[PDB]
Amino acid sequence: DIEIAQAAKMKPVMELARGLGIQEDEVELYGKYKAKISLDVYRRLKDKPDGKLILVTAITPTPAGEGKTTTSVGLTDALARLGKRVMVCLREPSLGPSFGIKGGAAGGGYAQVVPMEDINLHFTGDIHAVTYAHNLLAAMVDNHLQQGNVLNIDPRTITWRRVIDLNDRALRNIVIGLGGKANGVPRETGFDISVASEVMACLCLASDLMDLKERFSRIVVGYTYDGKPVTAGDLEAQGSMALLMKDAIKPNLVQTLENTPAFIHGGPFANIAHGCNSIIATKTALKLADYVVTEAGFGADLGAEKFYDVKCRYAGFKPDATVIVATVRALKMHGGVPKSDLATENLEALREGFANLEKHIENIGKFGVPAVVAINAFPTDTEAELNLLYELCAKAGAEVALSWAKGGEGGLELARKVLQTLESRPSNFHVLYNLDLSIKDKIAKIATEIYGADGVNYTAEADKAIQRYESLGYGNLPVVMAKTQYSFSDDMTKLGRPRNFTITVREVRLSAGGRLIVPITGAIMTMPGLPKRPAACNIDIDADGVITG
Amino acid sequence: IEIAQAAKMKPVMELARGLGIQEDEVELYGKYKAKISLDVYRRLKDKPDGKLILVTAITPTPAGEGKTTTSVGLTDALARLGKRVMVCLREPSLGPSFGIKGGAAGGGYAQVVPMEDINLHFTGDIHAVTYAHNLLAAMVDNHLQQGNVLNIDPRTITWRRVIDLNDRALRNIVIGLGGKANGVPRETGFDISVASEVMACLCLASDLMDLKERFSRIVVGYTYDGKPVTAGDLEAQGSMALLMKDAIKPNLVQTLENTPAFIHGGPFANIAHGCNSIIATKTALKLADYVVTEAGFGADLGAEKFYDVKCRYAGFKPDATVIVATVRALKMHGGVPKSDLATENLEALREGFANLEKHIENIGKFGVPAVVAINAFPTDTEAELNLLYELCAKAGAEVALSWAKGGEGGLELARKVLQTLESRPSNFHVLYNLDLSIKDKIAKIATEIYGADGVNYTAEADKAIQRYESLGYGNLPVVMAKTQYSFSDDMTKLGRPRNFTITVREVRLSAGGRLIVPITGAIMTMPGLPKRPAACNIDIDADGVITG
Amino acid sequence: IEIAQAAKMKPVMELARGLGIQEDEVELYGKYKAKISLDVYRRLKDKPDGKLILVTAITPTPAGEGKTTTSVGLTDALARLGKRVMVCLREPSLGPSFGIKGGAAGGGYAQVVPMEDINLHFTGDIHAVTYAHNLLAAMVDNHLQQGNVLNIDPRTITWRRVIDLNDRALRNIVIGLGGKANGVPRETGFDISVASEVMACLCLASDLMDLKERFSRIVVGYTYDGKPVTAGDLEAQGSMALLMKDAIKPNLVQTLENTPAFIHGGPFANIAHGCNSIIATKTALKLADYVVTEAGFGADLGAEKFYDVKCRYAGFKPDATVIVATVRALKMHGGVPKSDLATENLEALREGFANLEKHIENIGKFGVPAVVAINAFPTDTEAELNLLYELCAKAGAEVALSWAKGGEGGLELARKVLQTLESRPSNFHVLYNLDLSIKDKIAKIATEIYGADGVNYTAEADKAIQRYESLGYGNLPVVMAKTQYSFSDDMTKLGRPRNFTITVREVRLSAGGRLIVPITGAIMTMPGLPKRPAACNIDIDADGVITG
């Protein structure tokens, strides 16, 4: 009854690709339950109309839990049960998370996309390419120095760090190229967890390969002893990198416990990147489906925001609705209640917590898309509580989801609301800001309309940095806030709806394979480490089965 | 261009059928590649095995080896006479592809396919390894950060990290910098993945459960008291194993001639036996009458190691064994320059021949047949041939033109291996004993095979050996980590060097197999791209690859 | 050239006589420099002390301070009227000499001599310090190598190494690399020697035995449990002391006007009180009627610190205190550019004046007289002067042209200090208490002296403070480690900045004295030569120096 203990009947993905309209020649199988669909499927369909895009998001996430994917999948399965033609697009998780704090499922309970074990491990080798397409470029840099450094790159300015898909601290700050004039040039760098590599970020925003390629040739690796930028393009590396991602460009097909087809592609950080799965998996999902559920990392002040301002902006998508997830316990948590006494009733801590969800509602409205809250059901939640949460939603259609437990069935109501609102309230989508605005301007719009922050404070580094980019020509790019997700403010302790506060960005990075990434707090946790109790320590694989994952 | 040679492949699932594999025992990675389960072997555990045409080669030279081509091209001929035989090769490190380009699996009309899927990601067998290693490293470094419960000395740590790219800048580095939250600063580096003890364990393991344990014994470092610490004491054994549940399965692909070819594993031939994985062949055996397998470097390194590492543990008995070699190759062994291979010379071709002749002899010593295999080249004229032809006066000697003729040019030799394997019944025996002495095992490997009048051990090579034997890692085999371009450690002594001597400077322990006794600086465990990389030149058309 | 100003010196041994020093209490370092023993003080322990014309200055600016010149030039005048007074300065770091050249001790005809022996090695007082520090570091690093018996965390080690040269490349490094015999790899760096907590201890110690113990309390780092470890737990206390047995003695030299001048010590004025050594003055006192001493930076930093660090422990009571300042200097404080000092402006000269006026006030707060000292410059015309003259409407205000007139231009002011020190009897009191709170001590130093409406402490500044007080290093004084170019942390706010606020980012503990509360990035504990160093240009003739 544990989530993985729920291993049962999948249909061969060819049957699936078939029973969806995908040609057999456009399916690169991996087992009988995995596939890399050609981008031709899309390409030849581009003229038909798009399906309905339903973005699922959630409330300020707290340690109490909410359940985003679980719903995302449940919502799907439900729409399917109600006869609707639909797919789901979700990200392939990072590997390290499996060996440090144990791997989880694509959602959970009866709400999840499978084969679980694969998606949670090597899945179809997507990440590996990213890891290598990345480390190769890293070596072309180190090589170029080692070769006479024609381009004249002042090594101490190299930003292109190296990467690996495991949680390893020590690799955060290391010195490279040691040993003598025959081992490269001495320097300072480190490793970032793969999923956080800009390369992955690009895969999640590219149109196809030739596009993804040009992007690569835009990646900044460092600067000359003169100040001018040097890109991977100058190291002529886009083709090679490109060749490594040749097979990672295609989305991957896999189903739900209930068989509904779904795409698992991309999957980047959601503070240093848009926390969304690739546009290709979705765009291909929009022709092959009449309904498309997809989700975004972190609460709606981030994932949602970037989903709307970066993904959709580039992809030309136009969300029709948007479900937002919230539990009672997490809410009460936002109302001040500790973790321990959460099970105890308290409409009061619940009422002031609502301010949280009630803010996201309002924000999601700041985009022109209709919102529907989903109350992830939980044993302790009382009627005196749920019932309040419902009427409290004096703004958007509410509905409890029992998808975790009852699979598709427990998700029937929500579908009926989503569907209901997918008819009477057509969406009027539109980016929160404009690309031809000041950089600090863009940041305020967000901190001001979304985080509900009074204003923005910046450090001397933060300024020179910005000032550089704008004159260096990247001012008109999209912005990607990298704040703490456990709060509407860059203060992880300020739960609920924090008022009269100010965001302080203290550093500003750049991702020319996309845009400007400004971090507020130490939101630079680009490489997590393992716990004193490495989940990998209680790991073991039977002479047959795998135990403890 | 040998790449242009991309035409007419077949469903592997079918081949898996036309070999006796239940459909439920093949994981497809496209329609032309497929992981085959271990369940096959296990059940056909008792079924009659097959022969073992272990192909090997002379002494590498800037002229042109021919080891692999010849190996598959013979299989393109062998079964091309209605025979039940396969292949068992190795995936070529990735890094080389964007550094010094890439090449087909073997050569000419005998190259296993598809080409690209190989030099590249393939069934991502390396990546699996890569992670099963780095992680270990990650757990070691993490331990320290935790409180170093095992009281390990970060400075004695022998477990480096791993990436599969030619990165020089990564051969010597310092990690852990940054303070109490970044862990413990210390010195390590990166070695190419294929060069991982892990890839090795892979190439020498019965099954996952074997591999799992075969992992636990590998020493990561020692404590302040000098007490060895193993992945075991760390609890990363099974963990690592699960990252490998998919690579432990042998891959499956064909030849241009659709001959069932297994391509599983890829270890460093000098620091390790340099042969393909066991399971692949131990399983390939059952599923066939014959099995054509090759090893790394020359016959003094790869062949010897195949005989004392692989066969040893896995219990094979190399019914046959061939030895490749070309004219121009053996000529150089006579003083013949690289810009002087174009011309004929029946005297240098002669002396140089001593190379081919020395190997021959060594082969026979393992209680297994031998046969000469000759590469065909546009300049190896008549006069030259009729000389080497008769010179091999010692055992079978057939010419093979598989390159430009496919399985055809291999027919001649084909018959020969059958013929000389039908009448010549061998009794395979290890050229040395696992109970001798690390010091004496090197002794008989240096003496009889290379030709060392003696072996010398520097102040280091000594201290270690002792520690190893004082610990217990002394009853293990020995992988001679010396320069491959001569029986002697001297990379300049071509031919059949005499009166020499081999000195062992260092000695690294691999508790995931045997003992690597390094000679000269054969520590190129991490190569490095050139000033004119194929990477800078590789591009993928809005359609397909161009220049890889 | 002020260097050319090298003419007519005298035997120090004689001066030591004409002051009341037994010949057996002077260690000569040439005929014109001499270490005087501590035995002098000790015996004249009860003898009547003297006055303390503590000279200080305005707020530094790219125009020209004048702190030291004025200080000695007043002594060239004071005793130039038959008076028993000396001096007490500091040796200028070596590194600057081959980087941005060197200068005389003070300026004009008031520079202590010989010049060269100072900017250079002198009586090698630094070197002594330099070694007494590095060694400690050497013992710390050695301990680790031994087995880290104290269970110290190499990563928590706060004790860097030390060299007295402007080396950038040495500000962040990793040592210990190389293996079990090279010790434990870790991250540290080098800070200039004069900037050493050691030089400091020196400048604030009763005698060697005091200094010795004053050493033992200095924390080098902590353990894995967070338990402080001190030089004491290391046993380097006395050791270090013996390296210092010779520097603990004050040096002795004269003025161009042979006025007995003590030049002992030289601490960083921002990270430390920036005043000369105690013993020098506590001893200089006895041996005189008066003693003219100065401190580092402005009066908000050096003066305040002199009053709460030095006087505190050593029990002085600054009978007087002067405050230097020039026209052009206070003009800039009115918006006056550097390329705009040449001209007159009685309005900017006015506002800017607020600087001079703010300081004045603060002075009085310590219960000690005050008096304006004005630098004389070729462009500080009549109109300009008569303005600043009367503007100082608050306490004594005399002009001094010591520069081009020697002890002469100091006469005017001379009389004044005597006059206003004869009729104005002060009751010296610390501007804050040692029993308050680190948080509240910063409070009253920020409020009253700088002018902070409040003080803010970042997440770090907080955690530390707490640890310090939770340990005990909380009952100590406070050395404000902030930018010296303004009462405010903002290096751009000239004049008398108001409404501001001071934020403390960091907080470093110096258990060899007090607490350094760093503000902006005032961590320039290791400067760096320019792209056009005086080193590249210094040459010593087959006779004497040229360009230093």
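Residues numbered from 1 in each chain as written, not as in the entry; some residues may be left out. Chains lettered and ligands numbered in written order. Part of a larger assembly, values for the part shown. Heavy atoms only, no water.

Method-wise, the PDB entry is recorded as coming from X-ray crystallography, at a reported resolution of 3.00 Å.

Draft legend 1. Main features of the overall build of chain B. Along its length, chain B carries 20 helices and 22 strands. Its C-alpha atoms give chain B a radius of gyration of 23 Å, within 12% of the compact-globule value 24 Å for 548 residues. Overall size of chain B, expressed as C-alpha extent along the three principal axes, is 70 × 55 × 50 Å. Residues classed as buried in chain B amount to 63% of the 548 residues present. Taking contacts inside chain B between residues at least 6 apart in sequence as the whole, the part at least 24 apart equals 74%. Carbon together with sulfur atoms contributes 50% to the accessible area of chain B, which is approximately 19,800 Å² in total. (Helix = DSSP H or I, 4+ residues; strand = E, 2+ residues; numbered from the N terminus. Rg over C-alpha atoms; globule rule 2.2 N^0.38 Å. Buried < 20%, exposed > 50% of the residue type's maximum accessible area, 1.4 Å probe, protein only. Contact = heavy atoms within 4.5 Å. Areas by Shrake-Rupley, 256 points an atom, 1.4 Å probe, with all protein chains shown as cover.)

Draft legend 2. Region of interest: the packing of helix α13 (residues 347-365) of chain A against helix α14 (residues 383-392) of chain A. All names here are of chain A. For the pair α13 and α14, interaxial distance at closest approach is 10 Å and the crossing angle is 25°. Put simply, α13 runs roughly parallel to α14. Crossing of α13 over α14 shows right-handed handedness. Between α13 and α14, the residues in contact are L347, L350, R351 and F354 and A384, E385, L388, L389 and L392, respectively. For the contact of α13 with α14, the class distribution of residues is seven nonpolar, no polar and two charged. (Axes fitted to C-alpha atoms, helices over the stretch in contact; angles between N-to-C directions. Parallel < 35°, antiparallel > 145°, perpendicular 65-115°, else oblique. Left-handed = near helix turned anticlockwise from the far one by under 90°. Nonpolar A, V, L, I, M, F, W, Y, C, P; charged D, E, K, R; others polar.)

Draft legend 3. Highlighting the domain arrangement of chain B. All names here are of chain B. Splitting chain B by domain gives domain 1 (1-124 + 244-436), domain 2 (125-243) and domain 3 (437-526). Counting residues at the interface gives 20 residues for domain 2 and 11 residues for domain 3. When domain 2 packs against domain 3, the two sides together hide about 1,000 Å² of surface, and 58% of this comes from carbon and sulfur. Summed over the shared surface of domain 2 and domain 3, the result is zero salt bridges. (Domains from an automatic or database assignment. Buried area = accessible area lost by both parts, 1.4 Å probe. Salt bridge = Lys/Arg side-chain N within 4 Å of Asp/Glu carboxyl O.)

Draft legend 4. Broad picture of the UniProt feature "binding site: ATP" in chain B. Residue and element names in this part refer to chain B. Residues annotated in UniProt with the feature "binding site: ATP" correspond here to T61, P62, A63, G64, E65, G66, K67 and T68. Structurally, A63 can be placed in the loop between β3 (53-56) and α3 (67-73). Looking at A63, the relative accessible area reads 33%, which means it is partly exposed. With near-sequence residues (within four places) excluded, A63 lies in contact with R328, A329, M332 and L341. (UniProt positions renumbered as here; feature names shortened; annotations may be inferred.)

Draft legend 5. Expanded view of the packing of helix α3 (residues 68-81) of chain A against helix α16 (residues 412-424) of chain A. Residue and element names in this part refer to chain A. The N-to-C vectors of α3 and α16 enclose an angle of 75°; their axes lie 8 Å apart at closest approach. Between α3 and α16, the interaxial angle falls into the category roughly perpendicular. Touching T71, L75, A78, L79 and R81 of α3 are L412, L414, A415, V418 and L419, all from α16. Counted by class, the contact of α3 with α16 contains eight nonpolar, one polar and one charged residues.

Draft legend 6. Spatial organisation of the interface of chain B and chain A. Counting residues at the interface gives 67 residues for chain B and 66 residues for chain A. Taking both sides of the interface into account, the surface hidden between chain B and chain A amounts to around 5,600 Å²; carbon and sulfur atoms contribute 65%. Looking at the side of chain B facing chain A, the largest losses of area belong to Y131, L242 and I540 of chain B, adding up to 13% of the total buried there. The interface formed by chain B and chain A includes seven salt bridges. For the pair chain B and chain A, the interface holds 32 residue pairs in polar contact. Put simply, the parts of the chain that give the side of chain B that touches chain A at least two residues each are β1 (26-28), α6 (125-146), β5 (161-163), β6 (173-175), α8 (208-216), α10 (237-244), α20 (534-537) and β21 (539-540) of chain B. Classifying every residue of the side of chain B that touches chain A gives 36 nonpolar, 15 polar and 16 charged. (Polar contact = N/O pair within 3.5 Å; in protein donor to acceptor, adjacent residues only side chain to side chain.)

Draft legend 7. A look at the domain arrangement of chain A. Residues and elements named next belong to chain A. Domain boundaries in chain A define domain 1 (1-125 + 245-437), domain 2 (126-244) and domain 3 (438-527). Domain 1 puts 33 residues into the contact, and the matching count from domain 2 is 29 residues. In total, domain 1 and domain 2 occlude about 2,300 Å² of area from one another, counting both sides; carbon and sulfur atoms represent 66% of this. Linking domain 1 with domain 2 are one salt bridge. Of the charged contacts, one joins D126 and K36 as a salt bridge, the two residues approaching to 2.4 Å between their closest N and O atoms. Taken together, the links from domain 1 to domain 2 amount to 16 residue pairs in polar contact. For the side of domain 1 that touches domain 2, the secondary structure elements donating two or more residues are α4 (96-100), α10 (279-287) and α11 (300-315).

Draft legend 8. Broad picture of unusual backbone geometry. Residue and element names in this part refer to chain B. For the peptide bond that leads from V113 to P114, omega is 0°, which places it in the cis range. The topology assignment puts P114 in the loop between β4 (85-89) and α5 (115-119). Not every positive phi belongs to a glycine, and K101 is a case in point at roughly 60°. Along the chain, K101 falls in the loop between β4 and α5.

Draft legend 9. Main features of the packing of aromatic side chains. According to the stated counting rule, one finds 11 aromatic pairs over all chains in the structure shown. On the basis of an interplanar angle of 65° and a centroid distance of 5.7 Å, the ring pair of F307 of chain A and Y308 of chain A is categorised as edge-to-face. For the pair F307 of chain A and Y308 of chain A, one class covers both residues: buried. Ring-pair connections join several aromatic residues into one group, and the members of that group are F307, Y308, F367 and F429 of chain A. One cation-aromatic arrangement involves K33 of chain C over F122 of chain C; the distance from NZ or CZ to the ring centre is 5.3 Å. (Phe/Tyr/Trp six-rings, centres within 6.5 Å; stacked < 30°, edge-to-face > 60°. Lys NZ or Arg CZ within 6 Å of the ring centre and 35° of its normal.)

Draft legend 10. Layout of the UniProt feature "binding site: ATP" in chain A. Residue and element names in this part refer to chain A. Within this structure's numbering, the places UniProt gives as "binding site: ATP" are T62, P63, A64, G65, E66, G67, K68 and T69. Note on placement: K68 falls in helix α3. Ignoring anything within four residues of it in the chain, the contact list for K68 reads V56, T57, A58, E295, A296, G297, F298 and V325. Mapped onto the fold, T69 is located in helix α3. Each residue touching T69, except ones within four places of it in the same chain, is listed here: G74, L90, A106, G107 and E295.

Draft legend 11. Highlighting the side chain of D380 of chain C. Residues and elements named next belong to chain C. Its place among the elements puts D380 in the loop between β14 (372-375) and α15 (382-391). No salt bridge forms around the buried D380; measuring N to O, its nearest opposite-charge neighbour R328 is 5.0 Å away. The residues contacting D380, other than those within four sequence positions of it, are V327, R328, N375 and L385. (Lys, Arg positive; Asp, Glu negative; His and termini not counted.)

Draft legend 12. Just the relation of the copies chain B and chain C, in detail. At an RMSD of 0.0 Å, chain B and chain C line up after a rotation of 180° and a shift of 0.0 Å along the axis. The transformation just described matches what one would write down for a two-fold rotation axis. The position closest to the rotation axis in chain B is occupied by the C-alpha of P185 of chain B, lying 3.3 Å away. Of all interface residues in chain B, 100% are interface residues in chain C too; the two copies therefore contact each other through one and the same surface. (Least-squares fit on C-alpha atoms.)

Draft legend 13. Representation of the sheet that holds strand β11 (residues 262-263) of chain B within the structure. All names here are of chain B. The three strands lie next to each other as β11-β4-β12, forming an open sheet whose pairing is parallel. The two strands at the open ends of the sheet, each matched to only one other strand, are β11 and β12 (290-293). Direction of pairing for β4 relative to β11: parallel, over a ladder of two bridges. By the bridge assignment, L89 is partnered in β11 with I263. Lying over the sheet, helix α11 (residues 278-286) contacts β4, β11 and β12, oriented at roughly 180° with respect to β4. (Pairing = 2+ DSSP bridges.)

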